[PDB]
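Give the three-dimensional model of this entry:
(10 chains, ligands or ions: 1)
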Amino acid sequence: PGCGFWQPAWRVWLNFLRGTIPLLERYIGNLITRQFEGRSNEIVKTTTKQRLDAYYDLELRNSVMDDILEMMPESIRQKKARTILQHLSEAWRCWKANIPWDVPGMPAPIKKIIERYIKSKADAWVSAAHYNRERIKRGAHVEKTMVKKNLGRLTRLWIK
Amino acid sequence: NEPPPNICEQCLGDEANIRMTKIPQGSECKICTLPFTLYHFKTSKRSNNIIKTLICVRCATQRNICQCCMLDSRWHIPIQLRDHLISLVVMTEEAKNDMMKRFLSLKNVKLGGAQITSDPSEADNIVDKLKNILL
Amino acid sequence: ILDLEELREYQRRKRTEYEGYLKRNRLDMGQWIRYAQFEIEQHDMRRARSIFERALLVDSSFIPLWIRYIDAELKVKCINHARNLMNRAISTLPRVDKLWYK
Amino acid sequence: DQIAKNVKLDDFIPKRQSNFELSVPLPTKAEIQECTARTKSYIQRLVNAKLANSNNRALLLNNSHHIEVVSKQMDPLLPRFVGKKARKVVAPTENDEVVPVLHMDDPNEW
Amino acid sequence: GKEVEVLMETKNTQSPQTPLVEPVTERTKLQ
Amino acid sequence: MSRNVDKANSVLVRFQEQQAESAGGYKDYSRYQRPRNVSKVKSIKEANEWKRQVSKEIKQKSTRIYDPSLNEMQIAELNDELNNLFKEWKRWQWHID
Amino acid sequence: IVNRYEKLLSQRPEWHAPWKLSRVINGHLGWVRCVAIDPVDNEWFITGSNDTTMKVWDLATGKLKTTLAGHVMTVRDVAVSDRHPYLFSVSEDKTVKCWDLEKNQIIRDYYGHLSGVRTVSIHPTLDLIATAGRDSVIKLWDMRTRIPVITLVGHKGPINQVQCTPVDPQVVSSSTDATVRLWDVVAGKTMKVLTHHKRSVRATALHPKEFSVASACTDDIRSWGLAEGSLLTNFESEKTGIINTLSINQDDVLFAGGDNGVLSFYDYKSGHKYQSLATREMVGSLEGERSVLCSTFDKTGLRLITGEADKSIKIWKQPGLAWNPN
Amino acid sequence: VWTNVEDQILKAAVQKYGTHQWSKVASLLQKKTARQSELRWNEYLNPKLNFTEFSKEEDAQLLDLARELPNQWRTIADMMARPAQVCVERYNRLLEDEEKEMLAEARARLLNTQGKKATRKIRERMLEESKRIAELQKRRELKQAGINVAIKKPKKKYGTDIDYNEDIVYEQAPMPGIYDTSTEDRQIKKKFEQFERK
Amino acid sequence: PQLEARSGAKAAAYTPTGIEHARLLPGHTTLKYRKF
Amino acid sequence: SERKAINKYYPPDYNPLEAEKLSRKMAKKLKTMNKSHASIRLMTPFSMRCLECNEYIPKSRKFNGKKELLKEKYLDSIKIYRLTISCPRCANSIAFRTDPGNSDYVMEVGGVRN
Ligand SMILES: [Zn+2]
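Numbers count the residues shown, from 1 in each chain, chains lettered A, B, ... in the order given. I have put the structure below:
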């Protein structure tokens, strides 16, 4: 020990610090802002792997509800919306199982619409599953849970 | 976009030039607890102690008051008193609640009485009535 | 409910509960009418009126709310206000039969 | 009478149904330009304001009396906009004028 | 069926013809 | 030291408390058990604190004993506990000062 | 009244040619619930979908130019700009993205929509776009500074199509509240609120040469000049399906797609339905599915392009029907 | 081996639960198995299955099937619309304390639409109510002394909905405006003062 | 339970926060244009 | 500040032995630590009925119990514990003991096993 000549190391550290200046100013500054004035209404972002599927489902449900509203007249429709949603869910479940979803009271048009949306879901779902499988085959950052789902989903598909 | 400050004649001072600074979202208004631009002026250059605006312009408009004095824009009387007089010839109920006060502030109805004070028609009439009552 | 303070406490609590239920299902309109009814019962006509107005704002296209509100207005023998309300309703919604009939 | 005034018949009536050669003109070029300028100026201004607000770097009269407004340079350490604190605010709708919501005109199946 | 029948053509398109890198609009300005 | 109690009675915390007591006079009369035999408490402030604590305890007892399942024996037991608390409070109101 | 009916009878509509199917391009593996064309040229048209992708399509050949994979959830709408070489797209992932077309790669994801965003309209004149979602709010963006400049509070429910005109009525929203609004972006407020529909006006479109805006609830296609914000006509849409699309052609040939899939055409301003077209679907697909979800014409106007729920895009080439009112 | 009470319970559970949820049901019947339970249900319990006998023609058909799908018996059953074992049989042809306890348990289960969160919440509410009444009682007791009712402690700036009036929407100033309304309101309020006093 | 579906979303405007979001940072200041 | 924290800060004068002694001195006075029925989280192995209100708390159901030491050990040098529980509906103190002769538990005036 006893080698001086700190210059290049020093230079390197200085240059590193340059990058940080900006990052710290956004970060530390942001933190202090929060401390003084702490955020009102943040917006989550579905481009995340997590929450995507749920969001999609919700959207689909909303669409279906809208379609049903468009379809025919109603009085106190809020109550009926829930029922519609339930029906849709049941249909989806049936599809997953490969049970025919035949309900006698369901009127042709509404039923038809529900069927179409479940088909759409299947298309979106099956394709997604396939993609996941492909990824798995490759070795491409699959989530353990995701892989499990794929295994399950794919099994179900096979059974069907 | 921003509206102008409503500072009374006696509030502001006796001179033909005053310099003031505006501080956008300076403080929260005392009534509403909602950010607004502080104007603060020194009256005469050398005369000590500033005169900061304590309320938001909207609130002032609603009550029809000086943003410093907290007195009627017209008659320079405390809000209670001015309103009381009008009643004698209904008064404002500032709702002392965290959320509700803000809502009240944002409403633009001229709370109670303020309308009368604003209009030459109405204020003058009220005054006349008061005079009659007195006599 | 013996004393005034007790009543206030009760009433306040009820109001809070109603608010809580609203905040979630703002677009319900059964809850709103219930709230209005409660207010009426309490004999705070202002509050009830406000609630009805709020409900209307939430869902203007809901005849039941309108009709109940009208009834409430009329119930308290406050006809002129009721009349005004009716007029407003009519203005809002001509092609609904019911308001006119009312 | 008031009610009548509030909601008029011509609202329900389509205007083209009587006169077909009647066409709404595509707006005047100059007018369009003017509109663009107005909005462009405004939107630009708004954006500038927003930028100013963001915490990252990069005259008047009252009554008869004349009054000079200033903006003092606050210290760059202290919070720029010391007023604001991320407050929740419910707003009233404030819809004084009444929207006319106009319209026209087997239950066991549906 | 009827999309298949008569004279009207159905095109099955899996593969994109033009490459992925190439532009959909270009902006050339002076040589 | 899961579940917080352990953390509270971890040695470091105890040491800190002791230090506080030594310098400035921060005690937590919640934290220590109130003594059985009064007249082993020459200071007045301490006595007052103890009294306050007992009052608080009594209040707590009161709050719970009017619960809806009134026929359960816990409530009955508390009634005696309440009495005891009251007695303690009374005692604490001794006439030395 | 008799005074109006007689007048209507007296007046005649122009003989618009009928429409026959030409191209069908089963390429997407999902609904094709958006479609758009280039203002400048009419070589390609892109179509966002429930695939999550959006694909570009050469009109002449019908061949798939190229794909674009910049969303997670399904694309709800797109808008190629006339004034810039940007393609805006928007998906229920809450992302209003912006594709350069010199490089076919996203640039400015605009952020601000709380939930699934339904439509875009680029402002014809400004460098500003406008988007609206189930949010119940139509935000306008400065494209440079990728921030919402203003927002438009008025609506009381999810807002679907939100067209941009170059005049004062600069945005023409259309909700599930069944109001269609005319706004003043500059004022930060509404100007006129067309409430004439009964249900969710889930379709609306600006007329190219005529400064008016057809709009469609479950049945009745209204159409209006938005100068005053005054009704122009009511179309013969009496028992047609739930109107999904409502594109207008250059030559006053308003098209309407349904949830039925019954492609209905009308003379514009007349209010005269002058054709119906039965849908079609693939042998494997079901008869309930077939439904024109998105559609638009080319700038010339001889080709209507309809994205239908068969995972297809159908392009349509070109004795009129008798009048008979009520 | 299957007892009849148990079978009945299972049936009840199925109506309560769901013909594709065979874990809960299994749990409900302490001795019988999950996968067994489902099988049992398939065999006996479900009404749509025609466990009863049928005409000679049907029998003939069954026998024909048997000949022409060599003992592919599930398939045959399916074709029939009959259950399998029974069909096969046809072809071939041509303690108390426990019960009491289990029943009690089962009954409790099926009836009670409850768990942790359902039971807890109601209980909590009840407790709160009790507390409130206790408070009231206390104030009554100490009425000769001046006493104020304790407010619900705020958490993050909320409104006490007695005062202030909450987010008010307007009366909406109309054309046929008359000033008796105010008077009426006053009159109404007069009565409530009296009530308060008594 | 409270595991619950829904009726409507929201859009309510408050005072801006003044927070330095990462994405919001400047980028592509130059807008392109078409030829005409 | 982070659960895997290597070293807790000590004051500049912290005689550890002395500190310990001090703590001990202020442990007899202390409320908690100088008491029985220290808390615990446990699932119920017995699957039993609450004797008051007959609430059938099943196997593996989780509770915040009180573990207390029974002074009378099993044999000599292997301790046994009382494990208090409350029934969900009625607040009756159920408990049980762990007699390790049978490798199992014993009910203690709370409920009955079935
Ligand atoms: Zn003043």
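
Every contact and neighbour count from this point should use C-alpha atoms.
OK.

so the nearest residue to residue J:28 once chain neighbours are set aside is in which element?
Sequence neighbours aside, residue J:34 is the residue nearest to residue J:28 in space, at 6.2 Å (criterion: C-alpha to C-alpha, 6 or more residues apart in numbering or on different chains). For residue J:34, there is no enclosing helix or strand under DSSP states H and E.

And residue G:97, by the same measure?
Secondary structure (DSSP H and E) places residue G:97 in strand G:96-100.

what does that strand rub up against?
When contacts are defined by C-alpha atoms under 8 Å, 6 or more residues apart in numbering or on different chains, strand G:96-100 is touched by residues G:70, G:85-90, G:105-111, G:117, G:131.

which among the residues you listed end up buried?
If you count burial by 16 or more other C-alpha atoms under 10 Å in any protein chain shown, the buried members of these come out as G:70, G:85-90, G:105-106, G:108-111, G:117, G:131.

What are the buried residues along the strand holding residue G:97?
G:96, G:97, G:98, G:99, G:100.

which non-adjacent residue is nearest the most centrally placed residue in chain A?
For chain A, residue A:52 is the residue whose C-alpha lies nearest the centre (C-alpha atoms, centre = their mean; 0.5 Å). Taking C-alpha to C-alpha, 6+ apart as the measure, residue A:52 lies nearest to residue A:46, with 5.2 Å between them; neighbours along the chain are not counted.

What is the neighbour count of the one you found?
By other C-alpha atoms under 10 Å in any protein chain shown, the residues close to residue A:46 number 22.

Would you check that it makes contact with residue G:113?
No: counting by C-alpha atoms under 8 Å, residue A:46 stays clear of residue G:113, with 11.5 Å between them.

Find the residues that touch each one of the two.
Taking C-alpha under 8 Å, 6+ apart as the criterion, residue A:46 and residue G:113 both touch residue G:94.

Where is the longest helix in chain F?
Longest helix in chain F, counting residues (DSSP state H): helix F:44-65.

to the chain's geometric centre, what's the distance from that helix?
Distance of helix F:44-65 from the chain centroid (C-alpha atoms, centre = their mean, to the nearest Å) equals 6 Å.

What of stretch H:23-30?
Mean C-alpha position of stretch H:23-30 versus that of the full chain (C-alpha atoms, centre = their mean) differs by 18 Å.

Now that stretch: buried residues?
H:25, H:26, H:28, H:29.

and which of those is nearest to chain J?
Distance from chain J was checked for each of the buried residues of stretch H:23-30 by C-alpha to the nearest C-alpha. The minimum falls on residue H:28, at 10.9 Å.

pretty sure that closest one is touching residue H:104, no?
No: using C-alpha under 8 Å, residue H:28 makes no contact with residue H:104, being 10.8 Å away.

hmm, back to that, between the buried ones among the contacts of strand G:96-100, which is closest to residue G:11?
residue G:131 (39.7 Å; C-alpha to C-alpha).

show me the contacts for that closest one.
Contact criterion C-alpha under 8 Å, 6+ apart gives G:96, G:117, G:118, G:119, G:120, G:121, G:138, G:139, G:140, G:162 as the residues in contact with residue G:131.

Please name the bridge partners of it.
residue G:120, residue G:139 (DSSP bridges).

Mind listing residues that contact the longest strand anywhere in chain B?
Using DSSP state E to define each element, chain B has its longest strand at strand B:19-28. Taking contacts as C-alpha under 8 Å, 6+ apart, the residues outside strand B:19-28 that touch it are B:34-43, B:55-56, D:67-72, D:81-84.

filter the residues you listed to the buried ones?
Listed as buried from those are B:34-43, B:55-56, D:67, D:69-70, D:81-84; burial here means 16+ other C-alpha under 10 Å.
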